[PDB]
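What follows is one structure encoded as structure tokens, with my remarks underneath.
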Amino acid sequence: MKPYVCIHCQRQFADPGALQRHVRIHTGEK
Ligand SMILES: [Zn+2]
């Protein structure tokens, strides 16, 4: 039902841990 969506690109993920992995992917450098 409820995903964890990327605030920056609006991609729906499962886990909040993946969002943190995801968001830092946008930074790239970190
Ligand atoms: Zn994203």
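All residue names refer to the structure tokens as shown: chains lettered A, B, ... in order, residues numbered from 1 in each chain, ligands numbered from 1 in order.
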* Contact residues around residue 25 (chain A) with only C-alpha atoms at 12 Å, ignoring same-chain residues under 5 positions, as a PyMOL selection string -> chain A and resi 6+8-9+18-20+30
* Give me, please, the distance in Å between CA of residue 2 (chain A) and CA of residue 14 (chain A), quoted to one decimal. =>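 Between CA of residue 2 (chain A) and CA of residue 14 (chain A) the gap is 8.2 Å.
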* residue 12 (chain A) surroundings by only C-alpha atoms, 6 Å radius, close-in-sequence under 3 positions cut, as JSON, numbers by chain -> {"A": [3, 4, 5]}
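Backbone DSSP over chain A yields alpha helix (DSSP H) at residues 16, 17, 18, 19, 20, 21, 22, 23, 24, 25, 26 and 27 of chain A.
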* To do: Using DSSP on the backbone coordinates, identify the residues of chain A assigned to strand (DSSP E or B); present them as a list in words.
  =>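 Selecting the strand (DSSP E or B) positions of chain A gives residues 4, 5, 12 and 13 of chain A.
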Can you write just those residues out, C-alpha atoms, as a compact mmCIF listing (two decimals), in the first residue's frame?
# COMPACT_ATOMS: atom_id res chain seq x y z
CA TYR A 4 8.72 5.19 0.24
CA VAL A 5 8.93 7.64 -2.62
CA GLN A 12 8.25 4.62 -5.29
CA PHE A 13 10.50 2.33 -3.25
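Nearest to ligand 1 of all the residues A:28, A:16, A:1, A:23 is A:23, counting only C-alpha atoms and all ligand atoms.
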